[PDB]
Amino acid sequence: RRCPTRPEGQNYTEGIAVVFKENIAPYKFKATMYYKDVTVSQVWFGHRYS
Amino acid sequence: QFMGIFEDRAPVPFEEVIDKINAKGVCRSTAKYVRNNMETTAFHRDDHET
């Protein structure tokens, strides 16, 4: 019989790759906060205590 | 009408933890604690210590 031969063989192309995934990490940056804590306290001064 | 409700959390002094709560099962009715760099005393029901 005429039996088959080896397959054609995959034609493989060498190369370099970079694989990118979806970015879920937040964009981070250094900020600076200027503010003023205003604390006003009302005290009742008793005879012995406050 | 309410014109203000100052709600605060004061700690329990050690002499009140070991002598009163763990031993006798009772707690003092007055809170003497340092807050905003001042030692304030709060009496329950505006009455004497109990």
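Residues numbered from 1 in each chain as written, not as in the entry; some residues may be left out. Chains lettered and ligands numbered in written order. Part of a larger assembly, values for the part shown. Heavy atoms only, no water.

Its PDB record attributes the structure to cryo-EM, giving the resolution as 3.45 Å.

By the naming in the PDB entry, chain B goes by Envelope glycoprotein B and is assigned to Human herpesvirus 2 strain G. Recorded in the entry header as its title is "Trimeric HSV-2F gB ectodomain in postfusion conformation with three bound HDIT101 Fab molecules".

Going by the PDB entry, chain A carries the name Envelope glycoprotein B and comes from Human herpesvirus 2 strain G.

Some remarks on unusual backbone geometry
Residue and element names in this part refer to chain B. The backbone of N36 sits at a positive phi, close to 50 degrees, despite the residue not being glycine. Following the sequence through the fold, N36 ends up in the loop between β1 (30–34) and β2 (39–43). Using a relative accessible area of 53% as the deciding quantity, one classes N36 as exposed. The phi dihedral of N37 falls on the positive side, at around 60 degrees, and the residue is not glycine. Positionally, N37 belongs in the loop between β1 and β2. (Helix = DSSP H or I, 4+ residues; strand = E, 2+ residues; numbered from the N terminus. Buried < 20%, exposed > 50% of the residue type's maximum accessible area, 1.4 Å probe, protein only.)

Digging into the interface of chain B and chain A
Taken together, the contacts link six residues of chain B with four residues of chain A. Applying the counting criterion to the chain B and chain A interface returns zero salt bridges. Remark: the boundary between chain B and chain A carries two residue pairs in polar contact. (Contact = heavy atoms within 4.5 Å. Salt bridge = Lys/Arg side-chain N within 4 Å of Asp/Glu carboxyl O. Polar contact = N/O pair within 3.5 Å; in protein donor to acceptor, adjacent residues only side chain to side chain.)

Let's talk about the packing of aromatic side chains
With the rule as written, the count across this model stands at three aromatic pairs over all chains. A ring pair is formed by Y27 of chain A and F29 of chain A, whose centres lie 5.5 Å apart and whose planes are at 25 degrees; its orientation type is stacked. For the pair shown, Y27 of chain A and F29 of chain A are each scored as exposed. Among the aromatic side chains, those forming a connected cluster through ring pairs are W44 and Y49 of chain A together with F43 of chain B. (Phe/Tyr/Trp six-rings, centres within 6.5 Å; stacked < 30°, edge-to-face > 60°.)

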